[PDB]
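One file, start.cif, is given below (mmCIF, C-alpha atoms).
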```
data_work
loop_
_atom_site.label_atom_id
_atom_site.label_comp_id
_atom_site.auth_asym_id
_atom_site.auth_seq_id
_atom_site.Cartn_x
_atom_site.Cartn_y
_atom_site.Cartn_z
CA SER Q 1145 80.88 -16.20 59.26
CA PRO Q 1146 82.15 -19.58 57.97
CA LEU Q 1147 82.29 -20.02 54.18
CA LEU Q 1148 79.86 -22.91 54.29
CA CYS Q 1149 77.34 -23.74 56.99
CA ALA Q 1150 76.88 -27.30 58.24
CA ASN Q 1151 73.13 -27.66 58.08
CA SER Q 1152 70.55 -30.05 56.66
CA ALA Q 1153 69.28 -27.71 53.94
CA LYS Q 1154 70.33 -30.20 51.25
CA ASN Q 1155 67.28 -32.27 52.16
CA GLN Q 1156 64.93 -29.47 51.13
CA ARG Q 1157 66.91 -28.83 47.95
CA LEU Q 1158 66.68 -32.48 46.91
CA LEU Q 1159 62.93 -32.48 47.72
CA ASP Q 1160 62.42 -29.21 45.81
CA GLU Q 1161 63.94 -30.77 42.70
CA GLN Q 1162 62.11 -34.11 42.98
CA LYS Q 1163 58.83 -32.31 43.56
CA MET Q 1164 59.38 -30.02 40.52
CA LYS Q 1165 59.50 -26.81 42.61
CA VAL Q 1166 62.84 -25.78 41.10
CA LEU Q 1167 64.51 -26.40 37.76
CA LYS Q 1168 66.23 -29.72 37.37
CA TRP Q 1169 69.96 -29.03 37.00
CA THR Q 1170 70.27 -30.11 33.38
CA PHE Q 1171 71.00 -28.03 30.28
CA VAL Q 1172 72.86 -27.74 27.00
CA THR Q 1173 74.18 -24.33 27.93
CA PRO Q 1174 73.51 -22.69 31.29
CA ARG Q 1175 71.43 -19.52 31.08
CA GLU Q 1176 70.55 -17.02 33.81
CA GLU Q 1177 67.61 -18.93 35.30
CA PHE Q 1178 70.15 -21.51 36.48
CA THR Q 1179 72.48 -18.88 37.89
CA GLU Q 1180 69.56 -17.24 39.77
CA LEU Q 1181 68.31 -20.55 41.15
CA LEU Q 1182 71.77 -21.52 42.41
CA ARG Q 1183 72.33 -18.10 43.99
CA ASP Q 1184 68.88 -18.32 45.66
CA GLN Q 1185 69.69 -21.76 47.07
CA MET Q 1186 73.08 -20.65 48.36
CA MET Q 1187 71.41 -17.65 50.00
CA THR Q 1188 68.87 -19.92 51.71
CA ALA Q 1189 71.68 -22.27 52.77
CA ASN Q 1190 73.59 -19.49 54.64
CA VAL Q 1191 76.58 -19.72 52.32
CA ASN Q 1192 78.83 -16.75 53.23
CA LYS Q 1193 77.37 -13.79 51.37
CA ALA Q 1194 80.74 -12.38 50.28
CA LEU Q 1195 81.57 -15.80 48.80
CA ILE Q 1196 78.25 -15.80 46.94
CA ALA Q 1197 79.10 -12.33 45.57
CA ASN Q 1198 82.46 -13.62 44.25
CA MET Q 1199 80.88 -16.80 42.91
CA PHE Q 1200 78.63 -14.92 40.52
CA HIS Q 1201 81.05 -12.17 39.55
CA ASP Q 1202 81.72 -12.08 35.79
CA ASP Q 1203 85.49 -11.82 36.29
CA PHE Q 1204 87.19 -15.24 36.30
CA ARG Q 1205 89.75 -13.98 38.80
CA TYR Q 1206 87.08 -13.96 41.53
CA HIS Q 1207 86.32 -17.57 40.60
CA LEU Q 1208 89.96 -18.48 41.17
CA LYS Q 1209 89.72 -16.75 44.54
CA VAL Q 1210 86.57 -18.69 45.43
CA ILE Q 1211 88.27 -21.99 44.56
CA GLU Q 1212 91.36 -21.07 46.58
CA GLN Q 1213 89.19 -20.17 49.58
CA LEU Q 1214 87.19 -23.41 49.34
CA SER Q 1215 90.40 -25.40 48.94
CA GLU Q 1216 91.86 -23.93 52.14
CA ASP Q 1217 88.54 -24.30 54.01
CA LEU Q 1218 88.26 -27.99 53.16
CA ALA Q 1219 90.67 -29.45 55.76
CA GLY Q 1220 89.06 -27.94 58.84
CA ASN Q 1221 85.47 -27.94 57.67
CA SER Q 1222 84.75 -31.03 55.59
CA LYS Q 1223 81.40 -31.58 57.33
CA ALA Q 1224 80.20 -28.24 55.95
CA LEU Q 1225 81.55 -29.07 52.46
CA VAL Q 1226 79.50 -32.30 52.46
CA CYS Q 1227 76.40 -30.45 53.72
CA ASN Q 1228 76.77 -28.06 50.77
CA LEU Q 1229 78.28 -30.47 48.22
CA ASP Q 1230 75.39 -30.22 45.75
CA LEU Q 1231 75.68 -26.40 45.63
CA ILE Q 1232 79.45 -26.51 45.15
CA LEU Q 1233 79.22 -29.14 42.39
CA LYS Q 1234 76.57 -26.99 40.66
CA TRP Q 1235 78.74 -23.88 40.89
CA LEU Q 1236 81.64 -25.73 39.27
CA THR Q 1237 79.40 -27.02 36.44
CA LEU Q 1238 78.78 -23.35 35.56
CA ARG Q 1239 82.56 -22.75 35.49
CA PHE Q 1240 82.94 -25.65 33.06
CA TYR Q 1241 81.26 -23.50 30.37
CA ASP Q 1242 83.56 -20.52 30.91
CA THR Q 1243 86.60 -20.40 28.66
CA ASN Q 1244 89.27 -19.93 31.28
CA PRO Q 1245 91.91 -22.68 31.54
CA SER Q 1246 93.19 -21.45 34.91
CA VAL Q 1247 89.71 -21.79 36.41
CA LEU Q 1248 89.29 -25.27 34.94
CA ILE Q 1249 92.66 -26.55 36.22
CA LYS Q 1250 92.32 -25.13 39.72
CA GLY Q 1251 88.62 -26.16 39.95
CA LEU Q 1252 89.56 -29.70 38.90
CA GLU Q 1253 92.40 -29.82 41.49
CA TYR Q 1254 89.93 -28.74 44.19
CA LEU Q 1255 87.49 -31.40 43.03
CA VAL Q 1256 90.18 -34.03 43.46
CA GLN Q 1257 90.57 -32.90 47.11
CA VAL Q 1258 86.77 -32.94 47.53
CA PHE Q 1259 86.23 -36.44 46.16
CA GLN Q 1260 89.10 -37.77 48.28
CA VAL Q 1261 87.22 -36.46 51.34
CA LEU Q 1262 84.03 -38.16 50.09
CA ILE Q 1263 85.91 -41.44 49.61
CA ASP Q 1264 87.58 -41.17 53.03
CA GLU Q 1265 84.26 -40.40 54.71
CA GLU Q 1266 82.52 -43.18 52.74
CA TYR Q 1267 80.01 -40.67 51.40
CA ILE Q 1268 77.64 -41.87 48.66
CA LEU Q 1269 76.55 -39.24 46.12
CA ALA Q 1270 72.85 -38.50 45.94
CA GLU Q 1271 71.31 -39.36 42.55
CA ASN Q 1272 70.85 -35.59 42.07
CA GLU Q 1273 74.48 -34.76 42.86
CA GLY Q 1274 75.78 -37.28 40.29
CA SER Q 1275 73.23 -36.26 37.64
CA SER Q 1276 73.83 -32.54 38.09
CA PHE Q 1277 77.57 -32.93 37.83
CA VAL Q 1278 78.94 -35.75 35.67
CA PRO Q 1279 77.52 -34.80 32.20
CA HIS Q 1280 79.01 -31.35 32.58
CA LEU Q 1281 82.33 -32.63 33.85
CA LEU Q 1282 82.52 -35.06 30.92
CA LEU Q 1283 82.09 -32.15 28.48
CA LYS Q 1284 85.63 -31.12 29.33
CA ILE Q 1285 87.24 -34.55 28.78
CA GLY Q 1286 87.91 -33.52 25.19
CA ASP Q 1287 89.34 -30.09 26.06
CA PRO Q 1288 92.17 -28.70 23.82
CA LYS Q 1289 94.34 -28.49 26.94
CA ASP Q 1290 96.21 -31.47 28.34
CA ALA Q 1291 95.98 -30.40 32.00
CA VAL Q 1292 92.19 -30.00 31.75
CA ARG Q 1293 91.74 -33.44 30.15
CA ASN Q 1294 93.95 -35.04 32.81
CA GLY Q 1295 92.06 -33.27 35.60
CA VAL Q 1296 88.67 -34.34 34.25
CA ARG Q 1297 89.84 -37.94 33.99
CA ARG Q 1298 91.24 -37.90 37.56
CA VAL Q 1299 87.98 -36.53 39.00
CA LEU Q 1300 85.86 -38.84 36.85
CA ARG Q 1301 87.80 -41.83 38.16
CA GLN Q 1302 87.03 -40.72 41.69
CA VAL Q 1303 83.33 -40.18 40.94
CA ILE Q 1304 82.87 -43.82 39.93
CA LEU Q 1305 83.97 -44.83 43.44
CA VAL Q 1306 81.09 -42.89 45.02
CA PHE Q 1307 78.43 -43.01 42.29
CA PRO Q 1308 77.18 -45.98 40.21
CA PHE Q 1309 79.76 -46.98 37.59
CA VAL Q 1310 76.96 -48.15 35.28
CA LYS Q 1311 75.54 -44.59 35.33
CA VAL Q 1312 78.97 -43.08 34.59
CA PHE Q 1313 79.39 -45.54 31.72
CA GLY Q 1314 76.07 -44.22 30.39
CA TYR Q 1315 77.20 -40.56 30.61
CA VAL Q 1316 80.46 -41.36 28.83
CA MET Q 1317 78.47 -43.15 26.11
CA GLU Q 1318 76.59 -39.86 25.44
CA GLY Q 1319 79.92 -38.33 24.50
CA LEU Q 1320 79.99 -40.40 21.31
CA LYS Q 1321 77.30 -38.05 19.93
CA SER Q 1322 79.48 -34.97 20.19
CA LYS Q 1323 80.16 -33.03 17.01
CA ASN Q 1324 83.67 -32.54 18.43
CA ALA Q 1325 86.11 -35.26 17.35
CA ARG Q 1326 88.42 -34.91 20.36
CA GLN Q 1327 85.38 -35.38 22.64
CA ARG Q 1328 84.45 -38.55 20.75
CA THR Q 1329 88.06 -39.79 20.92
CA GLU Q 1330 88.52 -39.18 24.66
CA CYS Q 1331 85.15 -40.68 25.53
CA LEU Q 1332 86.04 -43.79 23.50
CA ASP Q 1333 89.37 -44.14 25.41
CA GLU Q 1334 87.43 -43.75 28.68
CA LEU Q 1335 84.99 -46.47 27.64
CA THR Q 1336 88.03 -48.71 27.06
CA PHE Q 1337 89.34 -47.92 30.55
CA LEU Q 1338 85.95 -48.65 32.11
CA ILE Q 1339 85.48 -51.92 30.20
CA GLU Q 1340 89.00 -53.10 31.17
CA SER Q 1341 88.24 -52.12 34.80
CA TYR Q 1342 84.71 -53.38 35.31
CA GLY Q 1343 84.53 -56.05 32.61
CA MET Q 1344 81.64 -56.63 30.23
CA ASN Q 1345 79.02 -56.29 32.97
CA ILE Q 1346 79.36 -52.52 32.39
CA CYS Q 1347 78.97 -52.75 28.65
CA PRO Q 1348 75.76 -54.09 27.13
CA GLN Q 1349 75.56 -55.38 23.55
CA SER Q 1350 73.88 -52.15 22.46
CA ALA Q 1351 76.81 -50.08 23.68
CA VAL Q 1352 79.18 -52.35 21.76
CA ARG Q 1353 77.13 -51.67 18.62
CA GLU Q 1354 77.29 -47.95 19.28
CA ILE Q 1355 81.07 -48.04 19.87
CA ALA Q 1356 81.66 -49.98 16.64
CA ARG Q 1357 79.84 -47.34 14.55
CA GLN Q 1358 82.70 -44.97 15.43
CA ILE Q 1359 85.22 -47.10 13.55
CA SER Q 1360 84.13 -45.58 10.23
CA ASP Q 1361 84.76 -42.04 11.52
CA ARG Q 1362 86.73 -39.86 9.11
CA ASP Q 1363 88.84 -38.44 11.93
CA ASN Q 1364 91.74 -40.85 12.35
CA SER Q 1365 91.90 -40.36 16.13
CA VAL Q 1366 88.27 -41.37 16.56
CA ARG Q 1367 88.78 -44.43 14.35
CA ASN Q 1368 91.87 -45.58 16.30
CA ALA Q 1369 90.03 -45.07 19.62
CA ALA Q 1370 86.95 -47.05 18.57
CA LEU Q 1371 89.15 -49.89 17.27
CA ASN Q 1372 91.11 -50.11 20.53
CA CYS Q 1373 87.84 -50.20 22.36
CA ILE Q 1374 86.31 -53.02 20.31
CA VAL Q 1375 89.60 -54.94 20.60
CA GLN Q 1376 89.32 -54.76 24.38
CA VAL Q 1377 85.76 -55.97 24.05
CA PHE Q 1378 87.15 -58.83 21.92
CA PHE Q 1379 89.62 -59.91 24.65
CA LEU Q 1380 86.77 -60.28 27.13
CA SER Q 1381 84.03 -61.56 24.87
CA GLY Q 1382 85.66 -63.59 22.12
CA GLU Q 1383 84.16 -64.29 18.70
CA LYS Q 1384 80.71 -63.30 20.01
CA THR Q 1385 81.99 -59.75 19.53
CA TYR Q 1386 81.50 -60.09 15.78
CA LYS Q 1387 77.80 -60.64 16.44
CA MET Q 1388 77.74 -57.57 18.73
CA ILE Q 1389 79.52 -54.98 16.55
CA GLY Q 1390 76.68 -55.11 14.03
CA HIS Q 1391 77.88 -55.12 10.42
CA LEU Q 1392 81.01 -53.25 9.31
CA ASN Q 1393 82.97 -51.95 6.29
CA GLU Q 1394 85.21 -54.92 5.30
CA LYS Q 1395 88.06 -52.41 5.33
CA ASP Q 1396 87.24 -51.93 9.11
CA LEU Q 1397 87.30 -55.70 9.64
CA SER Q 1398 90.78 -55.68 8.16
CA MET Q 1399 91.76 -52.79 10.47
CA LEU Q 1400 89.95 -54.43 13.40
CA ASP Q 1401 91.49 -57.85 12.86
CA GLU Q 1402 94.97 -56.47 12.15
CA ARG Q 1403 94.63 -54.68 15.51
CA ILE Q 1404 92.90 -57.65 17.15
CA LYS Q 1405 96.15 -59.39 16.34
CA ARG Q 1406 99.37 -57.48 17.06
#
```
Here is a file; write its structure as C-alpha coordinates.
Amino acid sequence: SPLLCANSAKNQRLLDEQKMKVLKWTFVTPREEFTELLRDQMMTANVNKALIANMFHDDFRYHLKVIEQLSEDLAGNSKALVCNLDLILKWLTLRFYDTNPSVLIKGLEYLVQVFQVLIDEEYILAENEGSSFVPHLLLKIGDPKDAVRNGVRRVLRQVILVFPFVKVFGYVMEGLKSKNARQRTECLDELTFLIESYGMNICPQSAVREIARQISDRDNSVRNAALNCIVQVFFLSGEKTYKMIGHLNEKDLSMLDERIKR
(Lines of atoms letter the chains of each structure in order from A and count residues from 1; the text may use other names and numbers.)
(Lines give C-alpha, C1' and ligand atoms only; values in the text may rest on other atoms or scores of the structure.)
Protein backbone atom coordinates (compact mmCIF):
# COMPACT_ATOMS: atom_id res chain seq x y z
CA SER A 1 0.00 0.00 0.00
CA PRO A 2 1.91 3.08 -1.24
CA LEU A 3 1.97 6.11 1.09
CA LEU A 4 0.24 8.28 -1.47
CA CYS A 5 -1.93 7.19 -4.38
CA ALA A 6 -1.55 8.76 -7.82
CA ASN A 7 -5.14 9.56 -8.67
CA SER A 8 -7.20 12.52 -9.84
CA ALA A 9 -9.06 13.05 -6.57
CA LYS A 10 -7.62 16.57 -6.26
CA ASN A 11 -10.11 17.67 -8.91
CA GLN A 12 -13.05 16.79 -6.68
CA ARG A 13 -11.39 18.43 -3.67
CA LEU A 14 -10.88 21.68 -5.55
CA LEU A 15 -14.50 21.55 -6.81
CA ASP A 16 -15.78 20.76 -3.30
CA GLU A 17 -14.10 23.90 -1.97
CA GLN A 18 -15.15 26.18 -4.84
CA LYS A 19 -18.72 24.92 -4.59
CA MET A 20 -18.81 25.50 -0.79
CA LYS A 21 -19.29 21.80 0.04
CA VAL A 22 -16.32 21.79 2.42
CA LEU A 23 -14.71 24.43 4.60
CA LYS A 24 -12.33 26.77 2.87
CA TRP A 25 -8.86 26.12 4.30
CA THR A 26 -8.48 29.45 6.09
CA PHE A 27 -8.36 30.19 9.82
CA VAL A 28 -6.75 32.15 12.63
CA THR A 29 -6.16 29.00 14.63
CA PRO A 30 -7.02 25.53 13.34
CA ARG A 31 -9.75 23.77 15.31
CA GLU A 32 -11.02 20.20 15.02
CA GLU A 33 -13.42 20.77 12.11
CA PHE A 34 -10.33 21.37 9.96
CA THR A 35 -8.56 18.28 11.27
CA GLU A 36 -11.68 16.15 10.58
CA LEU A 37 -12.12 17.55 7.07
CA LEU A 38 -8.48 16.88 6.18
CA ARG A 39 -8.60 13.36 7.59
CA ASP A 40 -11.86 12.70 5.65
CA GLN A 41 -10.26 13.93 2.41
CA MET A 42 -7.13 11.84 2.93
CA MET A 43 -9.34 8.81 3.59
CA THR A 44 -11.25 9.41 0.35
CA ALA A 45 -7.95 9.91 -1.50
CA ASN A 46 -6.61 6.44 -0.48
CA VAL A 47 -3.74 7.92 1.51
CA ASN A 48 -2.15 4.98 3.39
CA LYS A 49 -4.30 4.49 6.47
CA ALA A 50 -1.36 3.92 8.84
CA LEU A 51 0.12 7.22 7.62
CA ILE A 52 -3.20 8.96 8.28
CA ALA A 53 -3.18 7.49 11.80
CA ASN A 54 0.32 8.92 12.44
CA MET A 55 -0.60 12.25 10.84
CA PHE A 56 -3.30 12.97 13.38
CA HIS A 57 -1.58 11.51 16.43
CA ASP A 58 -1.12 14.09 19.21
CA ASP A 59 2.53 13.10 19.75
CA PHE A 60 4.92 15.22 17.66
CA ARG A 61 7.26 12.25 17.30
CA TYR A 62 4.78 10.58 14.94
CA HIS A 63 4.77 13.80 12.91
CA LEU A 64 8.54 13.58 12.56
CA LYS A 65 8.09 9.99 11.40
CA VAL A 66 5.47 11.03 8.84
CA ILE A 67 7.81 13.71 7.44
CA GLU A 68 10.71 11.26 7.28
CA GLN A 69 8.53 8.73 5.43
CA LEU A 70 7.27 11.34 2.96
CA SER A 71 10.82 12.60 2.44
CA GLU A 72 12.06 9.11 1.54
CA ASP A 73 8.99 8.40 -0.63
CA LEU A 74 9.47 11.56 -2.68
CA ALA A 75 12.26 10.39 -5.04
CA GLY A 76 10.50 7.32 -6.41
CA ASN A 77 6.94 8.59 -6.27
CA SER A 78 6.82 12.29 -7.14
CA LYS A 79 3.75 11.79 -9.34
CA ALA A 80 1.79 10.66 -6.28
CA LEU A 81 3.13 13.59 -4.20
CA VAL A 82 1.83 16.03 -6.85
CA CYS A 83 -1.54 14.23 -7.00
CA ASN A 84 -1.83 14.69 -3.23
CA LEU A 85 0.06 18.00 -2.88
CA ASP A 86 -2.92 19.96 -1.55
CA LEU A 87 -3.47 17.42 1.27
CA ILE A 88 0.21 17.39 2.22
CA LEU A 89 0.44 21.20 2.24
CA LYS A 90 -2.69 21.30 4.44
CA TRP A 91 -1.24 18.77 6.87
CA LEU A 92 1.92 20.87 7.23
CA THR A 93 -0.11 24.05 7.86
CA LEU A 94 -1.55 22.27 10.92
CA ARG A 95 2.00 21.47 12.09
CA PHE A 96 2.89 25.15 11.81
CA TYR A 97 0.68 25.83 14.85
CA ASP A 98 2.29 23.15 16.99
CA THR A 99 5.13 24.34 19.20
CA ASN A 100 7.75 21.80 18.22
CA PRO A 101 10.94 23.17 16.61
CA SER A 102 12.06 19.75 15.38
CA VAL A 103 8.80 19.30 13.47
CA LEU A 104 9.08 22.78 11.96
CA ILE A 105 12.71 22.32 10.81
CA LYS A 106 12.22 18.87 9.34
CA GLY A 107 8.85 19.84 7.76
CA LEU A 108 10.49 22.89 6.18
CA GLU A 109 13.39 20.76 4.85
CA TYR A 110 10.87 18.37 3.28
CA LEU A 111 9.01 21.30 1.76
CA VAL A 112 12.23 22.46 0.12
CA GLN A 113 12.52 19.00 -1.52
CA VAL A 114 8.85 19.18 -2.56
CA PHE A 115 9.02 22.61 -4.17
CA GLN A 116 12.20 21.65 -6.02
CA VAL A 117 10.21 18.76 -7.55
CA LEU A 118 7.41 21.19 -8.48
CA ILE A 119 9.93 23.55 -10.10
CA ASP A 120 11.66 20.70 -11.96
CA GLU A 121 8.33 19.34 -13.19
CA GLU A 122 7.14 22.87 -14.11
CA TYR A 123 4.10 22.43 -11.89
CA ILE A 124 1.93 25.51 -11.30
CA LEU A 125 0.17 25.69 -7.90
CA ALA A 126 -3.60 25.75 -7.96
CA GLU A 127 -5.06 28.97 -6.51
CA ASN A 128 -6.35 26.81 -3.62
CA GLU A 129 -2.95 25.25 -2.90
CA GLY A 130 -1.25 28.66 -2.66
CA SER A 131 -4.08 30.19 -0.60
CA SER A 132 -4.28 27.27 1.81
CA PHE A 133 -0.56 27.27 2.42
CA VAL A 134 1.29 30.60 2.18
CA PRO A 135 -0.45 32.63 4.97
CA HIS A 136 0.28 29.83 7.41
CA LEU A 137 3.84 29.39 6.26
CA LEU A 138 4.43 33.14 6.61
CA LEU A 139 3.27 32.98 10.24
CA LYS A 140 6.54 31.25 11.04
CA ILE A 141 8.82 33.79 9.32
CA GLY A 142 9.10 35.61 12.63
CA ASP A 143 9.79 32.48 14.71
CA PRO A 144 12.15 32.82 17.75
CA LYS A 145 14.36 30.16 16.15
CA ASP A 146 16.89 30.95 13.46
CA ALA A 147 16.60 27.61 11.64
CA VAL A 148 12.80 27.96 11.39
CA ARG A 149 13.03 31.51 9.99
CA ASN A 150 15.65 30.41 7.45
CA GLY A 151 13.55 27.41 6.41
CA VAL A 152 10.41 29.52 5.96
CA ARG A 153 12.33 32.02 3.84
CA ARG A 154 13.84 29.24 1.67
CA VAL A 155 10.42 27.65 1.03
CA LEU A 156 8.76 31.03 0.50
CA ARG A 157 11.36 31.88 -2.14
CA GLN A 158 10.53 28.67 -3.94
CA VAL A 159 6.77 29.27 -3.72
CA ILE A 160 7.06 32.53 -5.67
CA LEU A 161 8.51 30.55 -8.59
CA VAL A 162 5.34 28.42 -8.86
CA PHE A 163 2.65 30.80 -7.56
CA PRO A 164 1.99 34.48 -8.44
CA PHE A 165 4.61 36.74 -6.86
CA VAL A 166 2.03 39.54 -6.61
CA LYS A 167 -0.13 37.25 -4.41
CA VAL A 168 2.86 36.35 -2.21
CA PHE A 169 3.68 40.05 -1.87
CA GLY A 170 0.10 40.52 -0.65
CA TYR A 171 0.41 37.74 1.97
CA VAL A 172 3.68 39.18 3.24
CA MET A 173 2.02 42.61 3.49
CA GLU A 174 -0.56 41.07 5.91
CA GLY A 175 2.32 40.32 8.25
CA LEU A 176 2.69 44.03 9.01
CA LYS A 177 -0.51 43.75 11.10
CA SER A 178 0.97 41.21 13.49
CA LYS A 179 1.07 42.11 17.17
CA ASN A 180 4.45 40.34 17.18
CA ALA A 181 7.37 42.68 16.47
CA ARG A 182 9.68 39.99 15.08
CA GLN A 183 6.92 39.02 12.62
CA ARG A 184 6.62 42.65 11.52
CA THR A 185 10.41 42.94 11.21
CA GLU A 186 10.90 39.77 9.15
CA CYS A 187 7.97 40.55 6.86
CA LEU A 188 9.42 44.03 6.25
CA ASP A 189 12.82 42.49 5.31
CA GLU A 190 10.99 40.09 2.98
CA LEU A 191 9.16 42.98 1.33
CA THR A 192 12.58 44.56 0.73
CA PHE A 193 13.85 41.35 -0.88
CA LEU A 194 10.76 41.12 -3.10
CA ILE A 195 10.93 44.77 -4.17
CA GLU A 196 14.66 44.46 -5.00
CA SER A 197 13.87 41.26 -6.95
CA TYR A 198 10.72 42.16 -8.84
CA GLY A 199 11.01 45.95 -8.89
CA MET A 200 8.20 48.40 -8.20
CA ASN A 201 5.70 46.50 -10.34
CA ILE A 202 5.19 44.32 -7.23
CA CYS A 203 4.70 47.23 -4.89
CA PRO A 204 1.78 49.62 -5.39
CA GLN A 205 1.71 53.12 -3.86
CA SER A 206 -0.68 51.91 -1.16
CA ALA A 207 1.79 49.27 0.00
CA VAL A 208 4.51 51.92 0.17
CA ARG A 209 2.22 53.98 2.42
CA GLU A 210 1.60 50.94 4.61
CA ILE A 211 5.33 50.14 4.84
CA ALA A 212 6.18 53.72 5.81
CA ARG A 213 3.75 53.65 8.77
CA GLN A 214 6.06 51.07 10.36
CA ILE A 215 8.90 53.58 10.63
CA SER A 216 7.36 55.08 13.77
CA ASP A 217 7.26 51.66 15.49
CA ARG A 218 8.61 51.70 19.04
CA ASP A 219 10.48 48.44 18.49
CA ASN A 220 13.85 49.43 17.05
CA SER A 221 14.06 46.35 14.83
CA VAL A 222 10.77 47.15 13.15
CA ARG A 223 11.82 50.77 12.62
CA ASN A 224 15.18 49.77 11.05
CA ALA A 225 13.42 47.24 8.77
CA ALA A 226 10.80 49.71 7.53
CA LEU A 227 13.50 52.32 6.85
CA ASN A 228 15.60 49.88 4.82
CA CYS A 229 12.51 49.00 2.88
CA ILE A 230 11.54 52.59 2.03
CA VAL A 231 15.17 53.29 1.11
CA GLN A 232 15.04 50.46 -1.43
CA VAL A 233 11.81 51.95 -2.72
CA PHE A 234 13.69 55.27 -3.00
CA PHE A 235 16.45 53.74 -5.16
CA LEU A 236 13.87 52.53 -7.67
CA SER A 237 11.37 55.36 -7.52
CA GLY A 238 13.28 58.54 -6.75
CA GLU A 239 11.81 61.67 -5.16
CA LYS A 240 8.29 60.45 -6.02
CA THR A 241 8.75 58.23 -2.95
CA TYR A 242 8.18 61.24 -0.70
CA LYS A 243 4.72 61.57 -2.23
CA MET A 244 4.10 57.84 -1.67
CA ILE A 245 5.18 57.44 1.98
CA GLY A 246 2.32 59.68 3.09
CA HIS A 247 3.33 62.17 5.80
CA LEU A 248 5.94 61.33 8.46
CA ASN A 249 7.43 62.40 11.81
CA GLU A 250 10.22 64.87 10.83
CA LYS A 251 12.46 62.81 13.09
CA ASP A 252 11.71 59.84 10.68
CA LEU A 253 12.62 62.02 7.68
CA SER A 254 15.94 62.66 9.36
CA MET A 255 16.37 58.91 9.98
CA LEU A 256 15.09 58.11 6.48
CA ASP A 257 17.31 60.64 4.74
CA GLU A 258 20.37 59.81 6.85
CA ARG A 259 19.81 56.20 5.73
CA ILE A 260 18.83 57.24 2.19
CA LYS A 261 22.34 58.62 2.14
CA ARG A 262 25.10 56.43 3.58
- Message: Once the PyMOL selection byres ((chain Q and resi 1339) around 12) is applied to the coordinates I shared, what remains selected? I want it as a ChimeraX atom specification.
- Response: /Q:1309-1310,1312-1313,1316-1317,1332-1338,1340-1348,1351-1352,1355,1372-1381
- Just how far from atom CA of residue 1254 of chain Q is atom CA of residue 1215 of chain Q, in Å to one decimal?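 Going from atom CA of residue 1215 of chain Q over to atom CA of residue 1254 of chain Q covers 5.8 Å.
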- Task: Starting from the shown file, work through the PyMOL selection byres ((chain Q and resi 1243-1247) around 8) and note down what comes out as a PyMOL selection string.
- Result: chain Q and resi 1204+1207-1208+1239-1242+1248-1251+1289+1292
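Among the candidates Q:1227, Q:1262, Q:1164, Q:1255, the one nearest to residue 1297 of chain Q when counting only C-alpha atoms is Q:1255.
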- Message: Give me the residues near residue 1358 of chain Q as a count of residues only, where near means some atom within 8 Å (using only C-alpha atoms) and where sequence neighbours in that chain fewer than 6 positions away do not count.
- Response: 4
- Query: Which distance in Å separates atom CA of residue 1216 of chain Q and atom CA of residue 1288 of chain Q, to one decimal?
  - Reply: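 Computing the Euclidean distance for atom CA of residue 1216 of chain Q and atom CA of residue 1288 of chain Q yields 28.7 Å.
Our summary of the geometry notes that atom CA of residue 1188 of chain Q is positioned 13.6 Å from atom CA of residue 1230 of chain Q.
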- Fewer than 3 positions away in the same chain doesn't count, so skip those; otherwise give me all residues within 10 Å of residue 1393 of chain Q, counting only C-alpha atoms, as number ranges by chain. Q: 1357, 1359-1360, 1396-1399
Kindly export the residues of the current selection with C-alpha atoms, as an mmCIF file, keeping the file's coordinate frame.
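Below is the file out.cif, written as the result:
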```cif
data_model
loop_
_atom_site.group_PDB
_atom_site.id
_atom_site.type_symbol
_atom_site.label_atom_id
_atom_site.label_comp_id
_atom_site.auth_asym_id
_atom_site.auth_seq_id
_atom_site.Cartn_x
_atom_site.Cartn_y
_atom_site.Cartn_z
ATOM 1 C CA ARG Q 1357 79.840 -47.340 14.550
ATOM 2 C CA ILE Q 1359 85.220 -47.100 13.550
ATOM 3 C CA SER Q 1360 84.130 -45.580 10.230
ATOM 4 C CA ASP Q 1396 87.240 -51.930 9.110
ATOM 5 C CA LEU Q 1397 87.300 -55.700 9.640
ATOM 6 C CA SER Q 1398 90.780 -55.680 8.160
ATOM 7 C CA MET Q 1399 91.760 -52.790 10.470
#
```
